[PDB]
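Chains as they are written, first to last, in the authors' numbering: chain B, 2 to 244; chain A, 2 to 244. Before any comments, here is the structure.
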C-alpha cells in the first residue's frame, strides 16, 4: 500500500532526516505493522497478534505488535489507564515555540527528546488540532526518526523512541502504567509536560514575567498539588543558568 | 562505610551535578549494592543475589544485582563474551579532547551520552591508566549522574545509563551480547567507539588532515573490515554539516 521512504536532506543549515509515505503496491510486504497511522515493515522483529500491556513486552523478546493505537480495530498494546495531561497538551499545542524559548528552563524542558526545542509532539498529541492522516503519519515517522538520529531503520526508530520515553519516565519518577507505548506522541508530550512542570518552578523562582505558557503550567501545577502531587514526578530538575 | 553525597555546583558557567563519597558508618544501610567500586543504596530496587546474564534482567523486574563487575567476588551480572574495543579504548584514553573536536563528525560521535564532547569514559575504561579506587568511584558515579541529568537518585542513574547504552546499541546495530551491564564505563566507551568508527568515514570523505585519532580509527576500521565487519555497527550515521 504505502512505503516509507527515508530521505536525509539539508534544511536550515542542518542535515536532517525525513520520512515520506509513497503509494506503491507490487506484491505487498508480508511482515508489517501499524504504529498509529504509520506502516512499518518488519525486518528484525516478528509481528505478533497477542494483546499485551506494554510495547516493550513485544520488542524486548524480538517481536513487534501487529497494530497499535486508536482506530477501528483492537490494539495489541492495551491502552493506558488514563491520558491525564491531555488538557494541558491541548492547551500547549495552540501555542508558539517562542512562548517557551524565552525562558531558559522551559527551553531545556522541551529540548528533549530531539535535542532541540520542539512543540511537534504537543501538536501531534492535541485533540483540538485536525490534520489529514497522511500528513500525520509522515510527521509521526519523521519525529520517531529524528529522536533517534539514525537514517535507515524505521521499526528500530519506534523501539528507540519508546525506550527513550521509558528511560526519562524512570529518571523523572513518572508512573510507567501511563506509558505503555499506546500513542507514542502522547507519551513524549506527557514526559515533556512533566519536565515543563518541574522547570516552571525554577522559572518562577528566577522571577520572570509569566506568559500564557507559565500561567497554564502554574494552573496545572496547582491543581495537581491539590489532587495528586505524585503525578508531577520527582523534584530532580537541574536549574539552568540564565544566559 | 561510604555514603554518596550528590552536590549541584556551578562550574564553567554551567550548573553541574557531582557525586563525592564520604566516610561514615553509624548503622550501615541494609539494602545496598556495589556497581564496580561505587556503593549504591537501594530505595526502589530489591537487592538480588542471583546470577543473571544482563543488568536489565534485574532492574526490569524491580530488582538490582547485589554486586557487579570485576573484583575479588562473583559478579551477579555474568561477564560479556568479550571486550573487543579494549585496545582502541586504551589508545584513545591517552589522547586529548582537542584531537576529536577539531573534526565535526568525531565531536558529534563523542558527544553522546553527556550531550557534550567527553573522553571521560575512555579514561575510566582504559587499562593503561592507573587511578585510586576512591577517585575512580567518585568519577564513575559523577558520570552516571551527568548522563541522566538528574540531581537526586543514584541507582536510577545507573539504570538510566544502562538503558541509554542499550538504546544506542539497538539503534546502531551493536550486538547486545557485549553490553550486559558488567562494566558500564566500558559499554559507554564501546558505543562511543562504534559511533567514532561510523563518523570517521564521513570525516575522511570530507578530506581532512588525519591526526592520531583518525589514524587509530582507520587502522581499527581496516582490521574490522577484514575480520568482522558486522562489529562496526550499521551504516546509519547522519553526516554533520561542517561549520
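Don't be surprised by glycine CBs; every beta carbon is placed ideally from N, CA and C.
Asked: Could you tell me the alpha carbon to alpha carbon distance between residue 141 of chain B and residue 107 of chain A, rounded to whole angstroms?; Found: 29 Å
Asked: Quick one: grab the DSSP three-state call for residue 11 of chain B.; Found: strand
Asked: Report the CB separation of residue 67 of chain A from residue 46 of chain A in whole angstroms; it is logged as a contact under 8 Å.; Found: About 11 Å; that fails the 8 Å criterion.
Asked: If you reduce the DSSP assignment to three classes, tell me which class residue 221 of chain B lands in.; Found: helix
Asked: Between the segment 117 to 130 of chain B and the segment 170 to 177 of chain B, can you find at least three pairs of beta-carbon atoms closer than 8 Å?; Found: no
Asked: Going along chain B in order, which residues have a C-beta closer than 7 Å to the C-beta of residue 240 of chain A?; Found: 16
Asked: Report the CB separation of residue 199 of chain A from residue 113 of chain A in whole angstroms; it is logged as a contact under 8 Å.; Found: Contact doesn't hold; Cβ gap of about 12 Å is too wide.
Asked: At 3 residues or longer, what runs of the beta strand (DSSP E) sit wholly inside the segment 12 to 55 of chain B?; Found: 15 to 24, 33 to 36, 39 to 42, 47 to 49
Asked: Could you tell me whether any Cβ in chain A is nearer than 8 Å to the Cβ of residue 232 of chain B?; Found: no
Asked: By the three-class DSSP mapping on this structure, what secondary structure does residue 1 of chain B have?; Found: With chain B represented from 2 up to 244, any question about residue 1 of chain B goes unanswered, as that position is not in the structure.
Asked: Do the segment 205 to 216 of chain A and the segment 68 to 76 of chain A meet, that is, are 3 or more Cβ pairs less than 8 Å apart?; Found: no
Asked: Can you pull the DSSP bridge partners for residue 3 of chain B?; Found: B:24
Asked: Kindly list the residues whose CB is nearer than 6 Å to the CB of residue 32 of chain A, restricted to its own chain and excluding five residues on each side of it in sequence; keep chain order.; Found: 43, 48
Asked: Please decide whether residue 172 of chain A counts as near chain D, where near means a Cβ-Cβ distance under 8 Å.; Found: Protein chains B and A are contained in the structure displayed, whereas chain D is not.
Asked: Going by DSSP, what residues sit across from residue 78 of chain A in a beta bridge?; Found: A:53
Asked: Should residue 83 of chain B go down as buried or exposed, given a rule of 16 or more other Cβ atoms within 10 Å for buried?; Found: exposed
Asked: Can you tell me where the alpha helix (DSSP H) with residue 161 of chain A in it begins and where it stops?; Found: 156 to 173
Asked: Please go through the same chain and pick out, in chain order, the residues whose beta-carbon is closer than 8 Å to the beta-carbon of residue 54 of chain B, but skip the five residues on each side of it.; Found: 78, 79, 181
Asked: The alpha helix (DSSP H) that contains residue 108 of chain A, what's its start and end?; Found: 105 to 112
Asked: According to DSSP, simplified to helix, strand and coil, what is residue 94 of chain A?; Found: helix
Asked: To which residues of the same chain is residue 130 of chain B closer than 7 Å at the C-beta, ignoring the five residues directly before and after it?; Found: 94, 124
Asked: In chain order, what residues of the same chain lie with their CB nearer than 6 Å to the CB of residue 36 of chain A, ignoring the 5 residues before and after it?; Found: 69, 159
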